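The data below hold one chain only, encoded as structure tokens and taken in the form deposited in one PDB entry.
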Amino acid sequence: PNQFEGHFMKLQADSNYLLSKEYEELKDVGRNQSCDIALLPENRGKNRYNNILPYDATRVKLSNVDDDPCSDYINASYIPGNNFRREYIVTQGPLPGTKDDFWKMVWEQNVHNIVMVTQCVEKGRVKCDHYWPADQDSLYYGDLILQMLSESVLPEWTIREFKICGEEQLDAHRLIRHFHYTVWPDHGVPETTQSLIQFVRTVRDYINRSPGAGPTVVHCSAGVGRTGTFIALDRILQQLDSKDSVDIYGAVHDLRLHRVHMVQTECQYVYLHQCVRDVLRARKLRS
């Protein structure tokens, strides 16, 4: 905290010289791991980006469907957090042909919270399929029934609540909360730190009310840059509140070990430091 201020100032000195060096030191982390399963021909249509594939060692697996050996594949990865080896699932923005798989994963992994930090279309480019219902009428995604119960649209984010259940056991329904941050440009950062800090705190306070829940799903278009920055910020805000020492480098390092390119740009890495500095200054103001 008080140490982070001096540490950040050290990194920013000489036009971010040491910050850049530190970020460049991470470029190769985790990238010698294989992605052979994602490269199977029958999974080719299931990847939004050729260059963004999950590692075999950390990918999320769907239950196998008979007569299809590749029915277990989804472009998604487990990510550790501050308290669980599988605290998050990161994935790509679903395609029309994979959104049934996305909801199957949500159901099978006991997911109660989904975080989306991309718009479906940005600057005229499709980034994600509108994979949730457009109204309150329920519809099936594969063998799963989904129904949107509420939708609150604010200028910076939208929060929705879905009801999910299997067709065989309608009484075993589950509530899912969906947190959609809508003002985060691809490959960039939000216009203020305060905005994403408030969003992250909003999500975390909801996550903490679901202690028995499976991983929290976080996704953007690729499930890399904006997704990685959200998770890193979530982790370090928790560390700061728990009075522990913030470790931004370590959080991003750990992310990279589990999925390629997490926190995609140096500017996103800088933004993470600025968030911590801004929190400390708002708190040090009282002292």
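So that the term is clear: the rigid core is the largest set of C-alpha atoms that superpose within 1.5 Å between two forms. Counting begins at 1, following the sequence as shown.
From this point on, the text means the form deposited in another entry, which you will not see here.
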**Q.** Only residue that shifts (Cα, 2 Å or more, rigid core superposed) between this form and the one not shown, among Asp186, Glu87, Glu108, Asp100
**A.** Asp186
Q) After a core superposition, would you say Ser152 shifts its C-alpha by at least 2 Å between this form and the one not shown? A) no
Q. Rigid core fitted, then: does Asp137 show a CA shift of 2 angstroms or greater between this form and the one not shown?
A. no
Q) Is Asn208 one of the residues whose Cα moves 2 Å or more between this form and the one not shown, with the core superposed? A) no
Q: Quick one: in the other form, is the Cα gap between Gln109 and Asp186 smaller or bigger than here? Answer closer or farther; it shifts by 3 Å or more.
A: farther
Q: With a shift of at least 3 angstroms, figure out whether the C-alpha spacing between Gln169 and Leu149 grows or shrinks in the other form: closer or farther?
A: farther
